[PDB]
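Now for the letters of each chain:
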Amino acid sequence: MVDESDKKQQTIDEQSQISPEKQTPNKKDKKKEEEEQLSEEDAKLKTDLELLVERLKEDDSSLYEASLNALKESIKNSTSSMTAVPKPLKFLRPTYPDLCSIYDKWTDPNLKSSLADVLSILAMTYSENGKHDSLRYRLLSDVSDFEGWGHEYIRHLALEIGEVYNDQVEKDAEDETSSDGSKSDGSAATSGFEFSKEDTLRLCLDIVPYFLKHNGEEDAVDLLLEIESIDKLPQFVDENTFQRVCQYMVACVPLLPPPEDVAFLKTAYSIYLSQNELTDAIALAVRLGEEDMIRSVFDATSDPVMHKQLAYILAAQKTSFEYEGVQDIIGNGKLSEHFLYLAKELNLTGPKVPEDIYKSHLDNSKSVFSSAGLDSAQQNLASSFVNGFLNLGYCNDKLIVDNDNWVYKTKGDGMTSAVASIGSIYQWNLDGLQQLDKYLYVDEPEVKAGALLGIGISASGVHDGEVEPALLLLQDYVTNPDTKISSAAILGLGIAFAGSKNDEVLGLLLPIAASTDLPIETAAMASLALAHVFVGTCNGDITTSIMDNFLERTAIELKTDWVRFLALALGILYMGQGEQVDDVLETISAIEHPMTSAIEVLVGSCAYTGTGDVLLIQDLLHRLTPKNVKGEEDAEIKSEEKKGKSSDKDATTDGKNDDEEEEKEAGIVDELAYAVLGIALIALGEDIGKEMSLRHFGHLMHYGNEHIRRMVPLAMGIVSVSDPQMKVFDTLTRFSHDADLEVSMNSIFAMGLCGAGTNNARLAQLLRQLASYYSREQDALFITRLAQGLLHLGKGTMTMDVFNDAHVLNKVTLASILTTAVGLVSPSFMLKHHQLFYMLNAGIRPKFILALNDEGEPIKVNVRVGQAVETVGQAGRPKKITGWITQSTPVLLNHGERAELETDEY
Amino acid sequence: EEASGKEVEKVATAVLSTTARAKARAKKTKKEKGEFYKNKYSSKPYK
């Protein structure tokens, strides 16, 4: 206790009858008082260590608290663990826990903070020797259940994660940085960090993302690979190990800068690759956009068998899924050589099989015609369009169309949009060519423009097997001098091949089809083409595009509306990237206008896309500044300025939309509540600001892909009957599809009630109807959405034209663009390898707001839904495979993936 | 400065604090993660 005679060899035993108490008092005193006794203290280190083990299996708190009170002082606050230095350093095996007994078991906030730091210093230094590693391992695996071990291992490994901070904040590091008081360079870091990874996998699951994100390196995710692949078969089974990982990786997407954010994913693909669930590995490869990643996954699955089996099929269906098309081109190769079949295997690799399931789906759901028939007034315009929009996605619309009477009768620039929407019926399906050639071959150029857009959309179905490809038709039609006819011809092509970039694709769109001497709005469609094709795979933010962006702008700037269209197409090109977008800020800006600076901030939001650490605060300084300066003070040349001022509003809304997509499962839920509030604030500060914010708001919902989709839109939609602008409904309904005729049935019924009671303009009526007919696609037919489906945080490839027109005035002319909406997702079927179009049962889970799961993986419990359903909108998308009951296990794990399910039946 | 002129300054001070705090909460979070009453007479002459 407090006696110096209690240090005798005899007096260990005499003391220990009472209780072991030889360790502190006398011993401590002599070690901290005479150097000579450190030579003795060394041999007795072993003896002491054991006394802590015994009184832990007979754990009793009192006799550590009180006893090792005065012990705290010698260790590091007085001796400072460095006389001749070597001697205290070696004795850090049995004294590190003695510090911890006043850190941990004695409780007080005040002592948690203080001693945390001290421990960090000691761990690190004794992990140079590497004997602190050894102390960690023997608690994780313990020797007996007690309250000791189970707190001690948590704290030790927690502190290492702590250390890396001190060197980043300041150059100084060391004790002056009070965060851990540790230098944090190799020695107790390198050697300790390697052990650290192994420990945190076994019991731990909730400090692991904290370890990975703080380092903020792809080196950390690279060491992690190896460590995890060792344990993945004995300690735990692959199934458990794989989910635990999948929890870590998703969590760290918030709180990482752009260059780090993508780098975290790249490495994550490798972890997946080795791990036996190859399904996950392949989806993330596309998102990244690097062909090489896709190649490896497909080949590994295909080659080991010379028979058909589950293996060939499995490889082939994963490559079919993307409607970007990049996977499709690649996958042809090994399977082709083999000739088990060309007919079957080749087809399932490419997008030929998805067409066929779409046909099947069209018969199942039918296509209940219920289109508006209204003639006359501006109500005429609306009717015509509604026929297209109602029956959006692959259908048979032939009989109504066959009467060209109403198509020609559709007045104005409205006429063009009526033909365009005939084009929309024919998505991802060769069939419907027949109707298009009629309009194309006759009358105004106008009818021909909608028809040509239509060919691009019809050739989309099959473009890898190249059946009546897009390219052939439209090539002839580029040449035709008229700007309208050129431009439309090149946008359908852009859509068809999509994220696919080939020698055929590049050279066609290369000489722009926009007349620089005319500023025709449907001749804007040339820049749209370039934006679309580049996105849907990695974006080099290319220079060829900038040369032309400047070219259209310089020539004509008198029409402000048009030049805003080019600005928006440029920003969109870059999206799907946040790391090369910084580089192109310099490049774009080199040229001088107040107009070029307007473009700068738009593209700025795209750069900082990843987390709200940067994003949310830029779009808030920006927002406040008009409002705040104006509030404070109170309490050709023209046309350039006007663009300037308009873009700031836009830019604030855009940065908010882009950020929330990325965030936490947790963070989505709070940003939504806030968004509604933000409407009141902007309304307070500035009248003008309110108007722009509203229209964007409905797109906020679509872009972020909120979790919910059932209750919230409709709640919001009531409020926005009162708020000005009726484009709020147009953008809002593209989010609000969900299962079709659930939400949307309520959207059409409600909307026409309020418009007939309160009518304030026929223009106003035009929007209300359009939106509501759009919303439903009959009986839950495959839906448009920003996400790919396969990519959970997926950004649009052909669903980005929406935002462009929301910012600018409301006219019938803009609607042409809106016809593009390719976004259709497969109706899943439980396949074996005989390509069965019929499900046992599958579980859907509507709940998608959970913050308990970070993975956002549907709980296995679920609720059972039938066969030949569509993979419904968000808050329904999470689908798990019911199969457990009939002794069956998914090979292809769906977490809410688009993906066709596949099982191995035991 | 008279009453009107003194008042411009008093207000200006009030205004800066309100504005300051309206950006402060968020910015701060998100910063770190990513000679004499009677001098009588002097010897010193003056003109």
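The deposited coordinates for this entry were obtained by cryo-EM, with a reported resolution of 4.5 Å.

Under the PDB entry, the name given to chain B is 26S proteasome regulatory subunit RPN2, and the organism recorded is Saccharomyces cerevisiae. The title field of the PDB entry reads "26S proteasome in presence of ATP (s2)".

Per the PDB entry, the recorded name for chain A is 26S proteasome regulatory subunit RPN1, and the organism is Saccharomyces cerevisiae. Here is the UniProt Function comment for chain A, exactly as written: "Acts as a regulatory subunit of the 26S proteasome which is involved in the ATP-dependent degradation of ubiquitinated proteins." According to UniProt, the comment filed for chain A under the heading Sequence similarities is "Belongs to the proteasome subunit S2 family."

(A) Region of the structure containing a negative patch on the surface. Residues and elements named next belong to chain A. Taken together, the side chains of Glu170, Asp172, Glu174, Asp175 and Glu176 make up a negatively charged region of the molecular surface. Tracing the sequence through the fold places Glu174 in the loop between α12 (165–169) and α13 (190–202). According to the relative accessible area criterion, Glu174 is partly exposed, its value standing at 41%.

(B) Representation of the interface of chain B and chain A. Taken together, the contact pairs eleven residues of chain B with twelve residues of chain A. Of the roughly 970 Å² buried where chain B meets chain A, counting both sides, 65% is carbon and sulfur surface. The largest share of the area that chain B buries against chain A comes from B:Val15, B:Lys23 and B:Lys30, three residues that together contribute 46% of it. Across the contact surface, chain B and chain A share zero salt bridges. Here chain B and chain A share one residue pair in polar contact between them.

(C) Quick peek at the side chain of A:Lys643. Residue and element names in this part refer to chain A. Along the chain, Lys643 falls in helix α40 (residues 637–662). At 9.4 Å, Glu640 is the nearest oppositely charged side chain to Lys643, a buried residue that forms no salt bridge. Those residues in contact with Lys643 that sit more than four places away from it in its chain are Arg553, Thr560, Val563, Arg564, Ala567, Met595, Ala598 and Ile599.

(D) Quick look at unusual backbone geometry. Non-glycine residue A:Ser80 carries a positive phi angle of around 70°. A:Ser80 gets classed as partly exposed once you look at its relative accessible area, which sits at 26%.

(E) Structural view of the UniProt feature "repeat: PC" in chain A. Cross-referencing UniProt, the feature "repeat: PC" maps to residues 417–449, 450–487, 488–522, 523–563, 566–598, 714–745 and 746–780 of chain A in the present numbering. Secondary structure content for residues 417–449 of chain A is 67% helix and 0% strand, and the end C-alpha separation is 9 Å.

(F) Region of the structure containing the packing of aromatic side chains. Residue and element names in this part refer to chain A. Here the structure, examined in full by the defined rule, presents seven aromatic pairs over all chains. Taken together, a centroid distance of 6.2 Å and an interplanar angle of 45° make the contact between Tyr358 and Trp428 tilted. Of this pair, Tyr358 sits in helix α24 (residues 352–365) while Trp428 sits in the loop between α28 (414–425) and α29 (433–440); the two residues are 70 residues apart in sequence, bridging distant segments of the chain. The pair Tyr358 / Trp428 is uniform in exposure class, with both members buried. Judged by centre distance (5.9 Å) and plane angle (80°), the rings of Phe829 and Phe837 are edge-to-face. You can call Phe829 buried: its relative accessible area is 3%. Joined through ring pairs, the aromatic side chains of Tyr358, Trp428 and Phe782 make up one cluster. Taking the ring centre of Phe236 as reference, the NZ or CZ of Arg244 above it sits at 5.4 Å.

(G) Up close: the sheet that holds strand β5 (residues 888–892) of chain A. Residues and elements named next belong to chain A. One open sheet holds the three strands; their spatial order is β1-β6-β5, and the pairing between them is mixed. Edge positions in the sheet fall to β1 (830–831) and β5, since each has one partner strand and no second. Across two bridges, the pairing between β1 and strand β6 (residues 901–905) is parallel. By the bridge assignment for β6, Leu831 is matched with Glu902. Relative to β6, helix α20 (residues 309–320) is tilted by about 165°, and along the sheet it contacts β1, β5 and β6.

(H) Local environment of the environment of A:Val825. Residue and element names in this part refer to chain A. With respect to the secondary-structure elements, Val825 resides in the loop between α48 (815–818) and β1. For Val825, a relative accessible area of 1% translates into the label buried. Beyond its immediate stretch of four places on either side in the chain, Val825 contacts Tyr358, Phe782, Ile783, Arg785, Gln788, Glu870, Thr871 and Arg898.

(I) Spatial organisation of a nonpolar patch on the surface. Residues and elements named next belong to chain A. Where nonpolar side chains cluster on the molecular surface, the patch consists of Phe339, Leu340, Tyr341 and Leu342 and spans about 410 Å² of accessible area. Positionally, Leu340 belongs in the loop between α22 (334–338) and α23 (343–349). Owing to a relative accessible area of 30%, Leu340 belongs among the partly exposed residues under this scheme.

(J) Representation of the sheet that holds strand β3 (residues 863–865) of chain A within the structure. All names here are of chain A. Within the open sheet, the three strands sit side by side as β3-β2-β4. Their pairing is antiparallel. Lying at the two open borders of the sheet, with one neighbouring strand each, are β3 and β4 (879–880). Here two bridges tie strand β2 (residues 842–844) to β4, and the two strands are oriented antiparallel to one another. Bridge pairing in β4 places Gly843 opposite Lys880.

Rules used in this analysis
- Residues numbered from 1 in each chain as written, not as in the entry; some residues may be left out.
- Chains lettered and ligands numbered in written order.
- Part of a larger assembly, values for the part shown.
- Heavy atoms only, no water.
- UniProt positions renumbered as here; feature names shortened; annotations may be inferred.
- Patch = residues over 30% accessible without salt bridge, like charges linked within 9 Å, V, L, I, M, F, W, Y side chains within 5 Å.
- Areas by Shrake-Rupley, 256 points an atom, 1.4 Å probe, with all protein chains shown as cover.
- Salt bridge = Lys/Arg side-chain N within 4 Å of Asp/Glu carboxyl O.
- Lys, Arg positive; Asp, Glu negative; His and termini not counted.
- Charge placed at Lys NZ, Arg CZ, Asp CG, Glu CD.
- Helix = DSSP H or I, 4+ residues; strand = E, 2+ residues; numbered from the N terminus.
- Buried < 20%, exposed > 50% of the residue type's maximum accessible area, 1.4 Å probe, protein only.
- Contact = heavy atoms within 4.5 Å.
- Buried area = accessible area lost by both parts, 1.4 Å probe.
- Polar contact = N/O pair within 3.5 Å; in protein donor to acceptor, adjacent residues only side chain to side chain.
- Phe/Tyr/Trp six-rings, centres within 6.5 Å; stacked < 30°, edge-to-face > 60°.
- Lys NZ or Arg CZ within 6 Å of the ring centre and 35° of its normal.
- Pairing = 2+ DSSP bridges.
- Axes fitted to C-alpha atoms, helices over the stretch in contact; angles between N-to-C directions.

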